[PDB]
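A single chain, nothing else alongside it, follows as structure tokens in the form deposited without the ligand.
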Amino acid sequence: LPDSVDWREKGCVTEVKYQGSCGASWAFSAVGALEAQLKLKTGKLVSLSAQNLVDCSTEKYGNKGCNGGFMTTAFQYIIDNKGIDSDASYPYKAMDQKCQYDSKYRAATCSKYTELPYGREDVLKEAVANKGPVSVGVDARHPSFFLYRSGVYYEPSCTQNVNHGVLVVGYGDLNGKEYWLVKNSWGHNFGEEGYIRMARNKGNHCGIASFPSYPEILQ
């Protein structure tokens, strides 16, 4: 219902991360959403361990660490494992390590996650306004993505087949041109201090609505 949202206004979005040479965007997209539920439920913002996901959410979850994975099964790992460690206690090293999860430093839980209908930007808007930041994949394979600096991103070559996990933390328009507020994991020097505004309501542009999902911390 709100014509614009931005979850950084309510202190639900941590600092932008730098995934480096490790292909772990699924891990960063996942913790990003669970961080936002953790501030909602408890009132505390704290970065969750991407390294935990990479090191421990593996073959049983269909993931391959720095060579790809999925945000959905990363949520299933957190459910199964009954927790996830803080970034502070389990820092990211942009490489594949042995699982070193320590329940002592558990910072967040997961009760469930929810996948959204393919391509439904109306339904995606609802979840971002009513439930919190939503994990999505995008097609980020195109040179314009890499060269993105600011403004509303539109790429007529863009397809609906996604290949890069990111986090939708809000939405709006730029003098009418509508967009999704996307947090990426390429450090603050990428985009708009780490963010990219990608075209919204342009037929699932770059497949931002192809496979959305978001976790929940239930009471």
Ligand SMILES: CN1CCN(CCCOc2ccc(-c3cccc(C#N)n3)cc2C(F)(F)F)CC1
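In case it trips you up, residue 1 is the first one in the sequence shown, and so on.
Just so you know, the form deposited with the ligand bound exists too; it's not on screen, but the next bit is about it.
No atom of the ligand lies within 2.4 Å of a backbone or C-beta atom here once its pose in the deposited complex is superimposed on the site C-alphas of this chain, so the site counts as open.
Note that among 140 to 148, 98 to 106, 83 to 91, 123 to 131, the stretch whose heavy atoms approach the ligand to within 4.5 Å in the deposited complex is 140 to 148. In the deposited complex, at least one heavy atom of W186 sits within 4.5 Å of the ligand.
Of the heavy atoms in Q19, some are within 4.5 Å of the ligand in the deposited complex.
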